[PDB]
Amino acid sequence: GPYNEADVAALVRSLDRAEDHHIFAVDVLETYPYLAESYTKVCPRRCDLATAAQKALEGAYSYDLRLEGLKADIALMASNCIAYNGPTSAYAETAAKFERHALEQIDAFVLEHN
C-alpha cells in the first residue's frame, strides 16, 4: 500500500545537507522576500525541502511507489536555482550535486521499501 508518511518525511529532511550549504532548506522568498519580483517570473513554481517534508507528512507522496513526485520536486528545486542564479554560478554547481545525491538517496529508499 502507501508509504509511511513519517519515513518519507525523514528521507526528505536527510536531503538538507551542510554539504549543500543549506541552500534548499526553506523557501527562497521566505529568507529573501526582496527577490520576489524577479524570482517569481524566472521561477513561477517554487519548492524547498521544508515544504516537501510537510507534503510528505500530509501524504502527498504516499501512493507514488517510485517516489516520482518527490523526484520531480527535487528537480524543480535544482532547476530553479540554476535558472535564477545562472549556469556559471557556484549555486548552480551546488544544485547539480544536490540533485545527484538526492536521487541516490531516494532510489535507495525505494529499494529498501519496494
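Throughout, we count residues from 1 along the sequence that is shown.
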Stretch with higher mean Cα temperature factor, 32-40 vs 46-54, is 32-40
Residue 17: CA temperature factor from the record, placed by chain third, in the highest
Entry-reported C-alpha B-factor of residue 62 relative to its chain, by third, is highest
Compared with the other modelled residues in the chain, in which third is the CA B-factor of residue 73?
middle
Third of chain Cα B-factors occupied by residue 80
lowest
Based on the entry's values, in what third of the chain does the Cα temperature factor of residue 6 lie: lowest, middle or highest?
middle
